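Here's the structure, in structure tokens; my notes come after.
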Amino acid sequence: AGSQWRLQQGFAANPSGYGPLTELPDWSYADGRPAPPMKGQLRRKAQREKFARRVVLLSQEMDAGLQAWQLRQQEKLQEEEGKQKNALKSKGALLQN
Amino acid sequence: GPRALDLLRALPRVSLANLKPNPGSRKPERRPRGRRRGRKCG
Amino acid sequence: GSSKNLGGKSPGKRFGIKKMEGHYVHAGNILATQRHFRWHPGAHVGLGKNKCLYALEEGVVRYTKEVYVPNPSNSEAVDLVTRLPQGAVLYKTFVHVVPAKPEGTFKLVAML
Amino acid sequence: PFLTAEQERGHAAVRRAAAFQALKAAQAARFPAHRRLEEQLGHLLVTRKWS
Amino acid sequence: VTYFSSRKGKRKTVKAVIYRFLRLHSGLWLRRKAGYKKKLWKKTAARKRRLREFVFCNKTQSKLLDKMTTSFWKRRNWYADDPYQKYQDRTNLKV
Amino acid sequence: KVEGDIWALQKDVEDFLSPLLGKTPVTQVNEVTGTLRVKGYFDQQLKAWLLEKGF
Amino acid sequence: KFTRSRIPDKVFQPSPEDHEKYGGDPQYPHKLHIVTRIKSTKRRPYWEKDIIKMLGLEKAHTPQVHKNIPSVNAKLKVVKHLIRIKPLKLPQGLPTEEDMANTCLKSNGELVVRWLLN
RNA sequence: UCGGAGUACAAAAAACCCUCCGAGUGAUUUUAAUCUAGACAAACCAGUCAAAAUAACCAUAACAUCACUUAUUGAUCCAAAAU
RNA sequence: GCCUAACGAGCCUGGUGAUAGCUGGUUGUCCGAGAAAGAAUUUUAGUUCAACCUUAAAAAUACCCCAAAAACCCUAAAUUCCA
RNA sequence: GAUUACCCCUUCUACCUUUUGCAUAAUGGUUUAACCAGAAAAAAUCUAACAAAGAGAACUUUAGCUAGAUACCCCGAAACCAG
Ligand SMILES: [K+]
Ligand SMILES: [K+]
Ligand SMILES: [K+]
Ligand SMILES: [K+]
Ligand SMILES: [K+]
Ligand SMILES: [Mg+2]
Ligand SMILES: [Mg+2]
Ligand SMILES: [Mg+2]
Ligand SMILES: [Mg+2]
Ligand SMILES: [Mg+2]
Ligand SMILES: [Mg+2]
Ligand SMILES: [Mg+2]
Ligand SMILES: [Mg+2]
Ligand SMILES: [Mg+2]
Ligand SMILES: [Mg+2]
Ligand SMILES: [Mg+2]
Ligand SMILES: [Mg+2]
Ligand SMILES: [Mg+2]
Ligand SMILES: [Mg+2]
Ligand SMILES: [Mg+2]
Ligand SMILES: [Mg+2]
Ligand SMILES: [Mg+2]
Ligand SMILES: [Mg+2]
Ligand SMILES: [Mg+2]
Ligand SMILES: [Mg+2]
Ligand SMILES: [Mg+2]
Ligand SMILES: [Mg+2]
Ligand SMILES: [Mg+2]
């Protein structure tokens, strides 16, 4: 067993998890040409690629959403100064003052 | 027009031995025999 | 012994609040039904003979706490107001319906 | 949290809208499949013989 | 309901349904409110008006009455000066 | 009552109704019978379209 | 009667010693979650079952990545006793389009872009 | 069988041969119309509200009231009365 | 009491395949989805509706759901509603 | 399950019916052969003919009409009436 030790060292808890004992091809032709890939290995490399795309998609949406909020904050302030620089010069009591 | 008639020359002759009803026209009947339709018969 | 209590069985009348704040209601929808005066009617809200509140105009239902000024012809209510100390005012809850659709619009029907 | 409640207001809504639209499109394509002559004329191959 | 009669072998109808229901060609059935002739002095003005109004029947009641009557009463009829003649067909029904 | 290349008829229908709906309509082709089935009520539009083509 | 449990906001106030104990960053919160389900939805109320279903945690011991926005955190707090949550670390940064197929997620919670080169 | 309070503490619903009150109608005149949007309630049958419009009368007049006001009630068929 | 080995009323045949909400039985393989009870009822050993569910079909929104919001003497866990 | 080896070892509370729940000390069966129990097309869905019309008369018709396919058991009372 000893899964706690393996997790401490960075390896998988189960020795069948993404270790060098699993990823590498178990058999090859004698002459030296590579063997056809395993069905399991190809499937395992499809969910990892799918997982990586999800991380990139999630990271970009959060960053893009943050940018939109900053734009609105600047837009709100720029609109406020527009009203100040668009009204008329208050004459009122300042004419006699 | 009927280009399917060209295909009939290659195919064997149509007789009573090879005739099939239109698929879906005859839903099969279910009889109360077996584990599924059994011991209560619905 | 024997049971003395009789007639205790009666189904509920489903008295309660129907439309919460923010619901879009049309004219005639019953906003709420009640036994006693729990919510008083407000703007654009009628009042039936059985004290049910129904919206009069199409719009958004809103709930509000406002002051209470009773009708002078209501002897019991005006007496309660009379005995209050000078620093107090009655507060009650009200149901409003802010209109959404305008009354109407002007359109060109004929250009002579 | 990384973002506050206000900064996440509708940050990812086009994807949510597109996901629902894809669901409607796939569910609206439900229709009987095409019927071709090869399926009907392929039954005559039952009695194929060696002459 | 007599599914198979003993004389002709056809499907009979229940005369109770026809004497108190009207079937429109759209499938909807028509009926009177219960108690529209009993103790009128006791009921209020609004209640009497409600009891004097024709009403429709829901799906289960409509489906029930279609299995109790034969196919003669579901036909299309063109009566002269029929008040319900314009209600026979449904219109603008987006289901 | 369609004779000939039915798939030509289906393609001509698809791009005829595409601008009206914004999407390709769902169709069924029945070569054993010669019948094209289109999902929706387009009978009036199709009758005018076939009349212009002279069928 | 048994009903939902309301978690007071005083629970989620971290002590100054919490950051050093769990290896968190005192100033900048992490960006992405890694959620792994541990226990079972059985013998638990129905509202906890739906939250597990709608978070993609149907299969146990399978990591799933979620954002750190309050909307996701609101649902995680309900089922925080059925899942394991670890931060997502990026020693080499976000993967590019060239290295999508070589990514591997280690147990300690870091995503290695280039795995078993050559 | 029907209503009110608690059990049923805060939207609705919720039981017992569970704990306590009632109803099977009176008093009075303001004798309370016709027609229709939209809703509450509900297995069904039933029950409830209701703007606009028309008539009645201040000549641009609709909630019968009071008694905890909530309950004061009965489906077809059939019978009798003017219809 | 007895009337051909069973008499609170004989035996045989016919009506008779009497009728049972009650008990027992219900015959090949494999696969998909899958329900514990709200309302009336000489009704609670049963039926007919509603809910739930199955098969097919159409359509757009469903769950989670922040702030605001829901009673007057005191009142917990918490519900309703909603981006 | 195995095993060089039949046992020895290890692991498993008969089967249907009926129930909230049956190894139950709840029901039935000694075993074998033969015999013994789902049946109907009004509305509907699937396939096809022809289509504002369909059907080999009599009818149905605001996309309908005609034809086919898909359906709903067996054994048992005490009794009642006539000859
Ligand atoms: K069965
Ligand atoms: K019974
Ligand atoms: K026994
Ligand atoms: K028994
Ligand atoms: K048995
Ligand atoms: Mg069947
Ligand atoms: Mg059969
Ligand atoms: Mg059996
Ligand atoms: Mg009760
Ligand atoms: Mg009570
Ligand atoms: Mg309702
Ligand atoms: Mg008025
Ligand atoms: Mg009767
Ligand atoms: Mg004898
Ligand atoms: Mg029998
Ligand atoms: Mg029961
Ligand atoms: Mg049902
Ligand atoms: Mg809230
Ligand atoms: Mg919503
Ligand atoms: Mg046991
Ligand atoms: Mg028992
Ligand atoms: Mg059972
Ligand atoms: Mg036994
Ligand atoms: Mg027994
Ligand atoms: Mg025995
Ligand atoms: Mg039929
Ligand atoms: Mg008799
Ligand atoms: Mg006799």
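Search region A:47-97 for residues being among the small types (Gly, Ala, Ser) and under 30 Å from G:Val113 (Cα atoms), and hand back the single one that is surrounded by the most Cβ atoms within 10 Å (Cβ to Cβ).
Ranking the qualifying residues of region A:47-97, first place goes to A:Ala52.
Considering only region B:18-42, how many residues are within 14 Å of another protein chain (Cβ to nearest Cβ) and either near RNA strand J (Cβ under 10 Å from one of its atoms) or loosely packed, with under 10 Cβ neighbours inside 10 Å (or both)?
Of the residues in that region, 5 qualify.
Restricting to region F:23-53, and then to whatever is acidic (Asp, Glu) and surrounded by fewer than 10 Cβ atoms within 10 Å (Cβ to Cβ), can you tell me which residue is nearest to RNA strand H (Cβ to nearest atom)?
Looking at residues that are acidic (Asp, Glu) and surrounded by fewer than 10 Cβ atoms within 10 Å (Cβ to Cβ), I get F:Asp43.
Can you name the residue in region G:76-118 that is among the aliphatic types (A, V, I, L, M) and at the interface with chain A (Cβ under 8 Å from one of its Cβ atoms) and, of all such residues, is nearest to A:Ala12 (Cα to Cα)?
Here the answer is G:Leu105.
In this structure, is E:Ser6 free of Cβ contacts under 8 Å to residues at least 40 places away in the same chain and not charged (D, E, K, R)?
Judged against the criteria, E:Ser6 is a match.
Sort out which residues of region G:51-67 are more than 9 Å from chain A (Cβ to nearest Cβ) and of a type in the set (A, V, I, L, M, F, W, C), and write them in order of number.
Result: G:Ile51, G:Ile52, G:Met54, G:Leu55, G:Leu57, G:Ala60.
How many residues are out of contact with any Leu (no Cβ under 7 Å at 6 or more places or on another chain), surrounded by 15 or more Cβ atoms within 10 Å (Cβ to Cβ) and among the β-branched types (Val, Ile, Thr) when one looks only at region C:33-77?
2
Restricting to region F:1-22, give me the number of residues that are within 14 Å of chain D (Cβ to nearest Cβ) and either closer than 16 Å to B:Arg3 by Cα or loosely packed, with under 11 Cβ neighbours inside 10 Å (or both).
Residues in region F:1-22 being within 14 Å of chain D (Cβ to nearest Cβ) and either closer than 16 Å to B:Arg3 by Cα or loosely packed, with under 11 Cβ neighbours inside 10 Å (or both): 9 in total.
Tell me which residues, restricted to region C:8-60, are of a type in the set (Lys, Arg) and either within 16 Å of ligand 9 (Cβ to nearest atom) or closer than 18 Å to C:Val98 by Cβ (or both).
C:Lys9, C:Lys13, C:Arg14, C:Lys18, C:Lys19, listed by residue number.
Kindly list the number of the only condition in (1) in contact (Cβ under 8 Å) with a residue 12 or more places away in the chain; (2) within 12 Å of the chain's Cα centre (by Cα); (3) within 16 Å of RNA strand J (Cβ to nearest atom) that fails for E:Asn58.
Going through (1) in contact (Cβ under 8 Å) with a residue 12 or more places away in the chain; (2) within 12 Å of the chain's Cα centre (by Cα); (3) within 16 Å of RNA strand J (Cβ to nearest atom) one by one, E:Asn58 breaks only (1).
Restricting to region D:2-46, count the residues that are facing chain A (nearest Cβ under 10 Å) and among the aromatic types (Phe, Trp, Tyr).
The total comes to 1.
For region A:16-26, which positions are surrounded by fewer than 12 Cβ atoms within 10 Å (Cβ to Cβ) and more than 8 Å from chain G (Cβ to nearest Cβ)?
A:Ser16, A:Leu21, A:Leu24, A:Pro25, A:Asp26, listed by residue number.
Ideal geometry is used to build each Cβ from the backbone, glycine not excepted, and the neighbour counts take in all protein chains shown. The numbers here are math on the coordinates, done by the rules we state, and not lab data.
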